[PDB]
Number of protein chains: 2
Amino acid sequence: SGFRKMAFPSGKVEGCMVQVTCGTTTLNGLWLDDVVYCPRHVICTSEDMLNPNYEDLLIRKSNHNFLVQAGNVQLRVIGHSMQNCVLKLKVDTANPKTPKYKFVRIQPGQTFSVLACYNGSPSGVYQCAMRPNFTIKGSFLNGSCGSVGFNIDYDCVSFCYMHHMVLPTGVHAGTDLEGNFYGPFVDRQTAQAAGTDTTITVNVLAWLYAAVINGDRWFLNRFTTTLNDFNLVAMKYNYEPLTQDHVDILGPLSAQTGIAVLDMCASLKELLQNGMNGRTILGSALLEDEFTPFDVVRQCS
Amino acid sequence: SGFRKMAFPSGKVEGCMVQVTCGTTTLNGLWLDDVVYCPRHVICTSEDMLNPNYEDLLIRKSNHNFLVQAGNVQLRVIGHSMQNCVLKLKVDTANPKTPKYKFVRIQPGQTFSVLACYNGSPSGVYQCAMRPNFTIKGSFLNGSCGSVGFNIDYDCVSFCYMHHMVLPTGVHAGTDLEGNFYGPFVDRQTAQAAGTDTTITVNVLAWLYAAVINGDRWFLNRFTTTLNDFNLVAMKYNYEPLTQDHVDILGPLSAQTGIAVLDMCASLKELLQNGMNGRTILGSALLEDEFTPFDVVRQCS
Ligand SMILES: CC(C)(C)[C@H](NC(=O)C(F)(F)F)C(=O)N1C[C@H]2[C@@H]([C@H]1C(=O)N[C@H](C=N)C[C@@H]1CCNC1=O)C2(C)C
Ligand SMILES: CC(C)(C)[C@H](NC(=O)C(F)(F)F)C(=O)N1C[C@H]2[C@@H]([C@H]1C(=O)N[C@H](C=N)C[C@@H]1CCNC1=O)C2(C)C
């Protein structure tokens, strides 16, 4: 009953958050087994950000130039390397709170929980989504670098994101846990374009399905639409084109509500062209696109 | 950078979640020290909900009629009592994961994080607020009874809420950790009125202050307003009347943005009478009222 944008329980991730201090720069790290992961720009000063040569910058750094603080217990650094944009600091002591984990590169449109670490410690948790421009609309202040995005399958944590930078628009960019940036972004202080931020169409349909389950039906229309004609009005409104795969993913919601996928797309076409006229759907006046169909299925059962 | 409705890290609360099974009814409990707290309606069947005499119902129950499951370790019940609407089950083993905690009755308008326990285990976390009608707009399915609301001050957990029922409107009602319901609600299956759900005015002003800090200023107007004249247009739009205390709480945001409180109320008056004209503030077309001024201060520093 009721629909909320809830995140996974961050208990398994809080036990892996550490502080990495290189010189005067500090940020958060991920302590899994005997390796600490953090953005490689921790080794840069206020000047190096404009044009950093991370290879030349890391060469002048040694193992002892890294302060890894886990609450109060310091970790001895026995090795370091650079995998793309992530810094892998091998420590002596393995984390006893290491959960079952794996690394995964998340596709645009998929959601994940973010443990935002303000003021040098786990401070908040929220649910967000990977936008088509490979940016996220989150909440990151100074000291939030190293904040990780993750998903939890029963007992396994799927770490997928690590925050690095904020675009001049205010949106955020980051990498996966193997160092590769999501999008055409590079860890360097310079004006970078994000690109057109289209709307995840399959997530919007999943949110409309969640509205029917929760009682809101005013938007249910008396029309239908084909797949190509819906995509015609989709490109005009900066919506991603719907594919037959997206129809298959929305399978369980169509069978649970008795509303076919193409009928739901027909309704969505009317909301784009006519607006909501001030009305609300699930307490919002905007088509929400931060709910994957798997998130709706999880919460509605 | 960026504004999100983030919740506190639920790591300290997950270690206190247990399953309480009385007969065929199961729900979640709060294992603090050697006491387990849960809604007292766990002892009711499907029929007792219509007209329960909890005293007569609890008399026919003994210590062994309560299955307290903490993951896999069962807890031996050595005592039980009824404090208003909460069931205090004294167990033999004290919870080793018991954090520094205390109980607090939250005032309407204040926010707190909720660890929603779907399917018999901690499943999600979200931030919500106590509405003026003492209800909350959350996400609670069957088996969510026993889900707790809490706030975290550095190391101390302030447990303030426990979910019990859902109103026929879909909104949720609950009690504090001493058993007293928030509002005129009673644990009994019968049509109960929630009352007029006014808008927390001080929270809306705090959200507008957060919009100025984040760059959105289109709503900043060129007028001012007194306190009594703003309350005149406040009652018309189902907004709570602003008091001089509310002005004092908004102190830090006015001194940080250089915008006086009465000037911010002047802007808010224009949004109520003219709407947003389809525009957005912090990515929303509705005046958000689930951010206390302390939440904005926490996230904007
Ligand atoms: C806009 C800015 C000029 C700051 C820059 N932006 C671009 O370079 C862009 F234009 F490409 F975005 C940027 O983000 N950084 C500068 C530099 C990293 C990152 C950075 O130091 N960030 C802060 C470090 N703790 C955390 C931020 C600050 C506020 N809130 C946060 O979370 C790197 C790209 C290597
Ligand atoms: C609407 C209903 C008739 C169900 C009733 N409502 C009213 O009695 C009211 F009209 F007062 F609201 C109600 O909530 N309950 C019946 C009964 C308790 C509660 C209840 O058994 N709840 C479920 C138990 N696990 C969890 C719910 C179900 C869906 N999602 C949830 O979270 C008590 C008031 C003692």
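Whatever order the structure lists them in is the order used to number ligands and atoms, beginning at 1. Residue numbers start from 1 in every chain, and the chains themselves are labelled A, B, ... in the order their sequence lines are given, proteins ahead of strands.
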Work out which heavy atom in [X] is nearest to a heavy atom in [Y]; give both atom names and the distance.
X	Y	value
B/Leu141	A/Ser301	CD1-N, 3.5 Å
B/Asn151	B/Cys160	ND2-SG, 4.1 Å
B/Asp187	B/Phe181	N-CE1, 3.5 Å
B/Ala193	B/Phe185	O-CE2, 3.6 Å
B/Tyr209	B/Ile259	OH-O, 3.0 Å
A/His172	A/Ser139	CE1-N, 3.8 Å

Identify, by atom number and element, the atoms of ligand 1 in contact range of A/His163, meaning under 4.0 Å from any of its heavy atoms.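 Listed by number with element, the hits are 32 (O).
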Which atoms of ligand 1 are found less than 4.0 Å from any heavy atom of A/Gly143?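 So the atoms of ligand 1 that pass are 25 (N).
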Short N or O distance, [X] and ligand 2, threshold 3.5 Å exclusive:
X	value
B/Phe140	yes
B/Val166	yes
B/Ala191	no
B/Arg188	yes

Top protein contact for [atom], by heavy-atom distance:
atom	value
atom 21 (O) of ligand 1	A/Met49 CE, 4.3 Å
atom 16 (C) of ligand 2	B/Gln189 OE1, 3.6 Å
atom 24 (C) of ligand 2	B/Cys145 SG, 3.4 Å

Heavy-atom distances under 4.0 Å decide this one: backbone, side chain, both or neither, for [X] against ligand 1?
X	result
A/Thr190	backbone
A/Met165	both
A/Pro168	both

Heavy-atom nearest option to [atom], drawn from [options]:
atom	options	answer
atom 19 (C) of ligand 1	A/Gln192, A/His41, A/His164, A/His172	A/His164
atom 26 (C) of ligand 1	A/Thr135, A/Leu141, A/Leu167	A/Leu141
atom 28 (C) of ligand 2	B/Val186, B/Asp187, B/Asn142, B/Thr169	B/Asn142

Establish, for the pair A/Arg4 and B/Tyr126, whether the NZ or CZ atom is under 6.0 angstrom from the six-membered ring centre and no further than 45 degrees off its axis.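 No - A/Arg4 does not lie over the ring of B/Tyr126 by the 6.0 Å and 45° rule.
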I want to check a possible cation-pi pair here: B/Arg105 against B/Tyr182, using under 6.0 Å from ring centre and within 45° of the ring axis as the test.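 Yes, cation above the ring, under 6.0 Å and within 45°.
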Among A/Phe159, A/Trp31, A/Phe103, which one satisfies ring pair (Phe, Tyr, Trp, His ring centres under 6.0 Å) with A/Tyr37?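 So the option named by the test is A/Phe103.
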Mind checking whether A/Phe291 and A/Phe3 have ring centres under 6.0 Å apart?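 So the answer is yes for these two rings.
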